[PDB]
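Enquirer: For reference, this is run22.pdb, and it has PDB, C-alpha atoms.
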```pdb
ATOM      1  CA  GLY A   1       0.000   0.000   0.000  1.00  0.00           C
ATOM      2  CA  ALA A   2       0.850   3.653  -0.512  1.00  0.00           C
ATOM      3  CA  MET A   3       3.397   3.939  -3.347  1.00  0.00           C
ATOM      4  CA  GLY A   4       3.340   7.385  -5.000  1.00  0.00           C
ATOM      5  CA  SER A   5      -0.443   7.068  -5.443  1.00  0.00           C
ATOM      6  CA  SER A   6      -1.839   3.555  -4.887  1.00  0.00           C
ATOM      7  CA  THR A   7      -5.370   4.298  -6.147  1.00  0.00           C
ATOM      8  CA  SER A   8      -5.371   8.062  -5.476  1.00  0.00           C
ATOM      9  CA  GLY A   9      -9.192   8.127  -5.341  1.00  0.00           C
ATOM     10  CA  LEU A  10      -9.653   5.202  -2.912  1.00  0.00           C
ATOM     11  CA  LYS A  11     -10.788   2.069  -4.808  1.00  0.00           C
ATOM     12  CA  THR A  12     -13.320   1.831  -7.659  1.00  0.00           C
ATOM     13  CA  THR A  13     -15.999   4.476  -7.016  1.00  0.00           C
ATOM     14  CA  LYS A  14     -19.499   2.966  -6.744  1.00  0.00           C
ATOM     15  CA  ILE A  15     -21.917   5.305  -8.547  1.00  0.00           C
ATOM     16  CA  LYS A  16     -25.574   4.212  -8.746  1.00  0.00           C
ATOM     17  CA  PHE A  17     -27.129   5.659 -11.912  1.00  0.00           C
ATOM     18  CA  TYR A  18     -30.901   6.223 -12.085  1.00  0.00           C
ATOM     19  CA  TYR A  19     -32.135   5.534 -15.631  1.00  0.00           C
ATOM     20  CA  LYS A  20     -35.920   5.984 -15.519  1.00  0.00           C
ATOM     21  CA  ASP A  21     -37.298   3.714 -12.754  1.00  0.00           C
ATOM     22  CA  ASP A  22     -34.336   1.329 -13.172  1.00  0.00           C
ATOM     23  CA  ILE A  23     -30.937   1.922 -11.523  1.00  0.00           C
ATOM     24  CA  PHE A  24     -27.480   0.370 -11.945  1.00  0.00           C
ATOM     25  CA  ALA A  25     -23.946   1.000 -10.639  1.00  0.00           C
ATOM     26  CA  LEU A  26     -20.572   1.751 -12.260  1.00  0.00           C
ATOM     27  CA  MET A  27     -17.106   1.258 -10.745  1.00  0.00           C
ATOM     28  CA  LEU A  28     -14.666   3.959 -11.898  1.00  0.00           C
ATOM     29  CA  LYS A  29     -11.005   3.023 -11.353  1.00  0.00           C
ATOM     30  CA  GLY A  30     -10.249   6.770 -11.500  1.00  0.00           C
ATOM     31  CA  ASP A  31      -9.614   6.922 -15.265  1.00  0.00           C
ATOM     32  CA  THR A  32     -13.280   6.620 -16.306  1.00  0.00           C
ATOM     33  CA  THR A  33     -14.049   9.671 -18.472  1.00  0.00           C
ATOM     34  CA  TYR A  34     -17.354  11.303 -19.431  1.00  0.00           C
ATOM     35  CA  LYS A  35     -17.264   9.633 -22.852  1.00  0.00           C
ATOM     36  CA  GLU A  36     -16.093   6.343 -21.305  1.00  0.00           C
ATOM     37  CA  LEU A  37     -19.061   6.525 -18.934  1.00  0.00           C
ATOM     38  CA  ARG A  38     -21.271   7.333 -21.939  1.00  0.00           C
ATOM     39  CA  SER A  39     -20.274   4.042 -23.607  1.00  0.00           C
ATOM     40  CA  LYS A  40     -20.642   2.271 -20.239  1.00  0.00           C
ATOM     41  CA  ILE A  41     -24.238   3.487 -19.763  1.00  0.00           C
ATOM     42  CA  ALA A  42     -25.485   3.432 -23.377  1.00  0.00           C
ATOM     43  CA  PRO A  43     -25.698  -0.379 -23.254  1.00  0.00           C
ATOM     44  CA  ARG A  44     -27.049  -0.208 -19.694  1.00  0.00           C
ATOM     45  CA  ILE A  45     -29.712   2.247 -20.950  1.00  0.00           C
ATOM     46  CA  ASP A  46     -30.865   0.398 -24.079  1.00  0.00           C
ATOM     47  CA  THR A  47     -30.357   3.620 -26.081  1.00  0.00           C
ATOM     48  CA  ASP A  48     -27.486   5.724 -27.459  1.00  0.00           C
ATOM     49  CA  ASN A  49     -28.870   9.133 -26.424  1.00  0.00           C
ATOM     50  CA  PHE A  50     -29.271   9.782 -22.680  1.00  0.00           C
ATOM     51  CA  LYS A  51     -28.264  12.394 -20.071  1.00  0.00           C
ATOM     52  CA  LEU A  52     -26.403  11.890 -16.772  1.00  0.00           C
ATOM     53  CA  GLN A  53     -26.640  14.252 -13.767  1.00  0.00           C
ATOM     54  CA  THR A  54     -25.493  14.217 -10.122  1.00  0.00           C
ATOM     55  CA  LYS A  55     -28.584  12.506  -8.646  1.00  0.00           C
ATOM     56  CA  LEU A  56     -29.225  14.786  -5.647  1.00  0.00           C
ATOM     57  CA  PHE A  57     -32.646  14.156  -4.064  1.00  0.00           C
ATOM     58  CA  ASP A  58     -35.334  16.222  -5.829  1.00  0.00           C
ATOM     59  CA  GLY A  59     -34.544  14.893  -9.327  1.00  0.00           C
ATOM     60  CA  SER A  60     -30.966  15.526 -10.516  1.00  0.00           C
ATOM     61  CA  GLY A  61     -27.960  17.844 -10.064  1.00  0.00           C
ATOM     62  CA  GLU A  62     -24.944  18.993 -12.110  1.00  0.00           C
ATOM     63  CA  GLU A  63     -25.534  17.349 -15.508  1.00  0.00           C
ATOM     64  CA  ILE A  64     -22.240  15.429 -15.821  1.00  0.00           C
ATOM     65  CA  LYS A  65     -20.961  16.321 -19.309  1.00  0.00           C
ATOM     66  CA  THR A  66     -17.149  16.353 -19.007  1.00  0.00           C
ATOM     67  CA  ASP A  67     -14.405  13.955 -17.864  1.00  0.00           C
ATOM     68  CA  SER A  68     -14.150  16.327 -14.876  1.00  0.00           C
ATOM     69  CA  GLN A  69     -17.826  16.115 -13.859  1.00  0.00           C
ATOM     70  CA  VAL A  70     -17.524  12.320 -13.938  1.00  0.00           C
ATOM     71  CA  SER A  71     -14.153  12.202 -12.155  1.00  0.00           C
ATOM     72  CA  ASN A  72     -15.857  14.527  -9.667  1.00  0.00           C
ATOM     73  CA  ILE A  73     -18.787  12.170  -9.175  1.00  0.00           C
ATOM     74  CA  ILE A  74     -15.924   9.651  -8.919  1.00  0.00           C
ATOM     75  CA  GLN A  75     -14.034  11.453  -6.132  1.00  0.00           C
ATOM     76  CA  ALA A  76     -17.298  12.309  -4.383  1.00  0.00           C
ATOM     77  CA  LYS A  77     -19.269   9.173  -5.316  1.00  0.00           C
ATOM     78  CA  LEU A  78     -22.454  10.917  -6.466  1.00  0.00           C
ATOM     79  CA  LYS A  79     -25.618   9.004  -7.366  1.00  0.00           C
ATOM     80  CA  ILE A  80     -26.085   9.611 -11.096  1.00  0.00           C
ATOM     81  CA  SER A  81     -29.470  10.088 -12.779  1.00  0.00           C
ATOM     82  CA  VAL A  82     -29.988   8.881 -16.361  1.00  0.00           C
ATOM     83  CA  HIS A  83     -32.753  10.274 -18.590  1.00  0.00           C
ATOM     84  CA  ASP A  84     -33.703   9.303 -22.153  1.00  0.00           C
ATOM     85  CA  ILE A  85     -32.984  11.967 -24.789  1.00  0.00           C
TER      86      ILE A  85
END
```
Can the structure from this file be put into structure tokens for me?
Expert:
Amino acid sequence: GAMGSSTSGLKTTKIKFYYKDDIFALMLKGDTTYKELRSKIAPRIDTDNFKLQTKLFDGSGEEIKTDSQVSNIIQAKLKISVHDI
């Protein structure tokens, strides 16, 4: 353990997405990007056009749309919400 980084952001981040009434979970090793997540949810959505946000509590939050928003939901483990678009 501990060797210059050793999983800087703890281990894989567990992020539960909320596509419609169904929900799943993704494990980001820290490199997951916004486009990588897009190809990781597309098949878990059943569509190629969807939107991801920082599932807060009322409905959704920051609409993840950049490798930083995802790596942020990765360092903060934010529930993600998926909508069909």
Enquirer: Just to confirm, what's the straight-line distance from atom CA of residue 39 of chain A to atom CA of residue 7 of chain A in Å (one decimal)?
Expert: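 Those two atoms sit 23.0 Å apart.
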Enquirer: Between atom CA of residue 23 of chain A and atom CA of residue 11 of chain A, measure the distance and give it in Å to one decimal.
Expert: 21.2 Å
Enquirer: Suppose you want the space between atom CA of residue 51 of chain A and atom CA of residue 30 of chain A; what is it in Å?
Expert: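 Between atom CA of residue 51 of chain A and atom CA of residue 30 of chain A the gap works out to 20.7 Å.
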Enquirer: Run the PyMOL selection byres ((chain A and resi 10) around 10) against the file shown and list the residues it catches, as JSON, numbers by chain.
Expert: {"A": [5, 6, 7, 8, 9, 11, 12, 13, 29, 30, 74, 75]}
Enquirer: Measuring atom to atom with only C-alpha atoms, identify which of A:48, A:66, A:77, A:84 is nearest to residue 27 of chain A.
Expert: A:77
Enquirer: Do you know which residues the PyMOL selection byres ((chain A and resi 49) around 12) returns on this file, as JSON, numbers by chain?
Expert: {"A": [19, 38, 39, 41, 42, 43, 44, 45, 46, 47, 48, 50, 51, 52, 82, 83, 84, 85]}
Enquirer: Taking C-alpha atoms for each residue, export the selection above as a JSON list (two decimals), keeping the file's coordinate frame.
Expert:
```
[["chain", "number", "residue", "atom", "x", "y", "z"],
["A", 19, "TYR", "CA", -32.14, 5.53, -15.63],
["A", 38, "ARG", "CA", -21.27, 7.33, -21.94],
["A", 39, "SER", "CA", -20.27, 4.04, -23.61],
["A", 41, "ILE", "CA", -24.24, 3.49, -19.76],
["A", 42, "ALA", "CA", -25.48, 3.43, -23.38],
["A", 43, "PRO", "CA", -25.70, -0.38, -23.25],
["A", 44, "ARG", "CA", -27.05, -0.21, -19.69],
["A", 45, "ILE", "CA", -29.71, 2.25, -20.95],
["A", 46, "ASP", "CA", -30.86, 0.40, -24.08],
["A", 47, "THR", "CA", -30.36, 3.62, -26.08],
["A", 48, "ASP", "CA", -27.49, 5.72, -27.46],
["A", 50, "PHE", "CA", -29.27, 9.78, -22.68],
["A", 51, "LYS", "CA", -28.26, 12.39, -20.07],
["A", 52, "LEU", "CA", -26.40, 11.89, -16.77],
["A", 82, "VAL", "CA", -29.99, 8.88, -16.36],
["A", 83, "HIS", "CA", -32.75, 10.27, -18.59],
["A", 84, "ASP", "CA", -33.70, 9.30, -22.15],
["A", 85, "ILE", "CA", -32.98, 11.97, -24.79]]
```
Enquirer: For each of A:2, A:70, A:15, A:56, take the minimum atom-to-atom distance to residue 36 of chain A, counting only C-alpha atoms, then give the residue where this is smallest.
Expert: A:70
Enquirer: Given the file shown, determine the residues that the PyMOL selection byres ((chain A and resi 62) around 12) selects; report them as a VMD selection string.
Expert: chain A and resid 51 to 56 59 to 61 63 to 66 68 to 70 72 to 73 78 to 81
